[PDB]
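1. Provided hereafter are the protein sequence and its experimental coordinates.
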6 protein chains.
Amino acid sequence: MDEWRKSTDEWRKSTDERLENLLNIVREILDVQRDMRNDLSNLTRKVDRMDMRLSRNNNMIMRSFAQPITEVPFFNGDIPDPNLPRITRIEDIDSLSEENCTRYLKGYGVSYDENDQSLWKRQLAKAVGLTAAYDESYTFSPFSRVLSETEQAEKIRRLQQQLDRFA
Amino acid sequence: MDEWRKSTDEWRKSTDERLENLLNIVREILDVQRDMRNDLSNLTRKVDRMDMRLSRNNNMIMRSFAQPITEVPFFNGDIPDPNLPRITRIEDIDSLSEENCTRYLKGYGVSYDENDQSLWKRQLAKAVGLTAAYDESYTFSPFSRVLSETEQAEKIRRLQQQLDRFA
Amino acid sequence: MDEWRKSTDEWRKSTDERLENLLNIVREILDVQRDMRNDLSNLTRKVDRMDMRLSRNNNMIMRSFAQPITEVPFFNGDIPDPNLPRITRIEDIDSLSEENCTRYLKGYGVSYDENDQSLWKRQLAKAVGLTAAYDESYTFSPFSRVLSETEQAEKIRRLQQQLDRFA
Amino acid sequence: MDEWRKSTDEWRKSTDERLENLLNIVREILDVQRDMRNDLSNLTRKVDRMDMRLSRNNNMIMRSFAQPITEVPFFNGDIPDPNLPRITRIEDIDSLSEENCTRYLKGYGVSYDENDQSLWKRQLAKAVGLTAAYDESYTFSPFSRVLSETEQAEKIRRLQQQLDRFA
Amino acid sequence: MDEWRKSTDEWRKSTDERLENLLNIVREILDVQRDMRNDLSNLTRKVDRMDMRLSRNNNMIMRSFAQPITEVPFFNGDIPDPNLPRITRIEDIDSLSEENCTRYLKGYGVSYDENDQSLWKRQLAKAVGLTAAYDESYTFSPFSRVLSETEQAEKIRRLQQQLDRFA
Amino acid sequence: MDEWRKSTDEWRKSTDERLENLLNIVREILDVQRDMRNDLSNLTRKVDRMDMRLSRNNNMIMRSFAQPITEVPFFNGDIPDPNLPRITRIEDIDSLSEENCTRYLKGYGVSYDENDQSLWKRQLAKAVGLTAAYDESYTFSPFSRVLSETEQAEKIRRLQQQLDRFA
């Protein structure tokens, strides 16, 4: 019917506009997601590095009071491997297997020399926080349902493409 | 009209597909929200605990230089209660009402003994950062429009169910 | 056709409800975005302030062991200006141009006196972490595709209004 | 002969006076000896006590730098008995035979309690110079031709009497 | 009788020589006395000054461990006057009567300014051993049968003259 | 005359005994002198060595507070030679002419190696009192009317022999 006709025609003009609005809104919602995910995945890294430095500070103070020290976590906030011998004294750094020195030196951020293993012990003693007058005078002997981060970042990437290709 | 008929029929085949695409997109947008909310509500807790440890470190250094100390916040980043007497010396921990010791010991993270109140003073003196040679030799006398976090986490939960039930 | 008629009429009653559901869902998705953005932009500020305090703690310990000190970042986690002379000793604070003192004092959080420039050097020496027995006895001479934070916060604001005005 | 007579008579009057002068001189020489001997035998005691305090000071500084300590002599400048176990750590004071504690406590000057052996370990740890933050927090477990000085002082005494009795 | 005569004459030649020998011996005995008395009365002064410096060292170490200090004797090994208020803190030096500052400053060896009483408090705080980081930052408010030594030294002097005049 | 005769004979028996008494007294006076001179010339040496150790203690404390150091006298209480460059820092020990190192090492008591000059700098840095955490980590580059004591001791020796030979 003719008025019925034109009812549907105006209803065209409504609905198509409406769906265009929702497509626009969803595009910009997805952009804000992808940006917020990066800005949060940068704090997690900065906070983990601050945590390693905080534990090292505590060790330095304890050595000033002549007390033993405790454990220090790696870059990325994971406990040192349970295979590795603990470290509470210079004398513990002294007897390390030359292959458990590299795991520690890579764990913390230090940048060492791959061919000149003269001073690796002292690198590690400074990284752990063993700087006191008795420790600087020691004389090391030579070597004998849940998702994860990148998951949902990738999820957003494919979701954006999936929505784009159908427009 | 017959071509008019088939115009509408193809328009079926378009629009229903379109609405299915938007339902798919909104489901996965909501999942990324729920996961990002947890990953951020875990940093807030980790950062608050780091803040308590940072203030305690500052107190330890100040005691090494023989100066008075300052305030230390609880687990969850809230100032100690304003009713509680301040703490700047061992002699302030010494005269605590035995019921203002438990609020402090619960505030910080320490795990004490509920029946053996012999050493609660020393627990608290270590938690606040009162470790110096003069403080370890002290000899304590015996007791005589905005939303919040869980709000919008719950909001996401009900929103997900609300959308699911209508599909 | 009459059954064809009523098919379309029931199809009214379906589709309009469906679009109302998606408008509701998108409103509350946008609210959760705007709240999460603020709760994350508050951690970034708190973490930056904690970072300045952490570097200052490291300097204090180094002075306890009689060693030189290093650089300390501002409130908001940006390296001091490259024009400014570095600071590693009291004697470096002593010879500062009276106009490079205000940049440092504003950089760190200290609140100074604008007319009584007697003690600005000591303010800065405490802000950087130069508190040791030799430094407290020094006797300063007188003066002779990526988006950013607020971008996408504003984006959310306009996006919310844009969606509201079309409902 | 008469002039010969009077020559001898005047020679009386000379010689007897002369011997009286030498007796007077020797009396006061002997008094100055007896007084100088005491004034020197008081410095030897004061210097020996200062030596014990000087070694104790050296130990305190070494503990401030977190290093081991050395030996401390008794009141009267004699090395501790060679039977006694050495002392370089708190853990060495901890395992002492309860009868090698009294020799040390008598050696140094400390005045202890003969019946209340609760705190003898801490007395000794302070006497040797073991005061550092780690040592004040330790928690000791309970017990399971030449002459000499007085020679020649006595010599002077008898010499004075010997000369007096013959006048 | 003639042989009797010559017996006495040879006895002359003996006895006079003998008395000359004893006079010579007593002269040089008295010289050695006068020299030994000075060489001993110089150690007593040197040892007394060393004792003041030793007590001051002990106070400095105690302040490094953040403990209170004790008494320090004057140049010449006499306890500070019993009228004078004791000194165990900076806050005790702060409230001194401006006339009990001069007795202390004269007691110890310091050389002050008689007209410029600006810095007398700090002179005294260094003389007593109050150098720690908290004490260097304090901000003092402005002022509102026995003989003795010389006895027997004089005795030797008169004794030497007494013997000389009779030869 | 006969009674005159016997008067002189009894006067024999008196005077000869008297002179024998004075010879006995002077012998034992001289022995006490020779023994007291040694017992005093041993304190002077012990006190001089204590003085070197006392100045070294003062330097160690000053380094704990991060301050510069002062001069230290030799074994025998004489100021270091005025030709020698002063020492107030590690960097002053570093640039020493290799021939001003031996004068210092002989001055203080240290016993070095005459052919292995590797570690002479560190010997001297410990002898002067330069032990702090910054100084143990430094990395030295390689070398490019009055009498005196023995006078009057000898005087007593010859005096004793002189008196003996005439008896």
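-> Arrived safely. Residues are numbered from 1 along each chain as shown, chains lettered A, B, ... in the order given.

2. what about the helices in chain A?
-> With helices called from DSSP state H, chain A shows them at A:2-64, A:90-94, A:100-107, A:121-128, A:133-136, A:149-165.

3. is the longest one positioned near chain E?
-> No - using C-beta under 8 Å from any C-beta of the partner chain as the criterion, no contacts between helix A:2-64 and chain E are found, and the smallest distance is 11.1 Å. All C-beta spots, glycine's among them, are computed from the backbone N, C-alpha and C.

4. any idea how far that helix is from the chain center?
-> Offset of helix A:2-64 from its chain centre (C-alpha atoms, centre = their mean, to the nearest Å): 20 Å.

5. so it, near chain F or not?
-> No - Helix A:2-64 does not reach chain F (C-beta under 8 Å from any C-beta); its nearest approach is 9.0 Å.

6. got the angle between that helix and helix C:2-64?
-> 20 degrees (axes from the mean of the first three to the mean of the last three C-alpha atoms, to 10 degrees).

7. deepest in the core, which of the helices of chain A is it.
-> helix A:133-136 (a mean of 22; mean count of other C-beta atoms under 10 Å in any protein chain shown).

8. got the contact list for that one?
-> A:63, A:90, A:125, C:65, D:65, D:66, D:67, F:131, F:132, F:133, F:136, F:137 (C-beta atoms under 8 Å, 6 or more residues apart in numbering or on different chains).

9. repeat that with 6 Å
-> Residues outside helix A:133-136 that contact it (C-beta atoms under 6 Å, 6 or more residues apart in numbering or on different chains): A:90, D:65, D:66, D:67, F:133, F:136, F:137.

10. follow-up on the earlier one: turn the helices of chain A into a markdown table, including distance to residue E:6.
-> Formatted as a markdown table, the helices of chain A follow (distance: least, C-beta to C-beta, whole Å):
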| stretch | distance to residue E:6 |
| --- | --- |
| helix A:2-64 | 96 |
| helix A:90-94 | 96 |
| helix A:100-107 | 108 |
| helix A:121-128 | 100 |
| helix A:133-136 | 90 |
| helix A:149-165 | 133 |
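
11. ends of stretch A:94-109, how far apart?
-> Terminal residues of stretch A:94-109 are spaced 20 Å apart (C-alpha to C-alpha, to the nearest Å).

12. hmm, stretch A:59-78 touching chain C?
-> Yes - Stretch A:59-78 reaches chain C (C-beta under 6 Å from any C-beta of the partner chain) through residue A:60.

13. restrict that stretch to CA atoms and write it as PDB.
-> Provided in PDB are the C-alpha atoms of stretch A:59-78 (Å, rounded to 0.1, in the frame of the first residue of the first chain):
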ATOM      1  CA  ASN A  59      70.200  -5.300  50.600                       C
ATOM      2  CA  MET A  60      72.600  -2.400  50.700                       C
ATOM      3  CA  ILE A  61      71.100  -1.000  53.900                       C
ATOM      4  CA  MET A  62      71.300  -4.400  55.500                       C
ATOM      5  CA  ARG A  63      75.000  -4.600  54.700                       C
ATOM      6  CA  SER A  64      75.500  -1.200  56.200                       C
ATOM      7  CA  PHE A  65      74.200  -2.700  59.500                       C
ATOM      8  CA  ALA A  66      76.400  -5.800  59.000                       C
ATOM      9  CA  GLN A  67      73.500  -8.200  58.500                       C
ATOM     10  CA  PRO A  68      72.900 -10.900  55.800                       C
ATOM     11  CA  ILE A  69      71.000 -10.200  52.600                       C
ATOM     12  CA  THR A  70      68.000 -11.700  50.800                       C
ATOM     13  CA  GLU A  71      66.800 -12.600  47.300                       C
ATOM     14  CA  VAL A  72      66.500 -10.100  44.400                       C
ATOM     15  CA  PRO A  73      64.100 -10.800  41.500                       C
ATOM     16  CA  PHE A  74      65.000 -10.500  37.800                       C
ATOM     17  CA  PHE A  75      64.000  -7.800  35.200                       C
ATOM     18  CA  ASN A  76      60.500  -9.100  34.700                       C
ATOM     19  CA  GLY A  77      59.400 -10.000  38.100                       C
ATOM     20  CA  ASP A  78      60.000 -13.700  38.300                       C
END
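
14. check which residues of it are buried.
-> Buried residues in stretch A:59-78, defined by neighbour count with 16 or more other C-beta atoms under 10 Å in any protein chain shown: A:59-67, A:69, A:72-74.

15. I appreciate the help and will end here.
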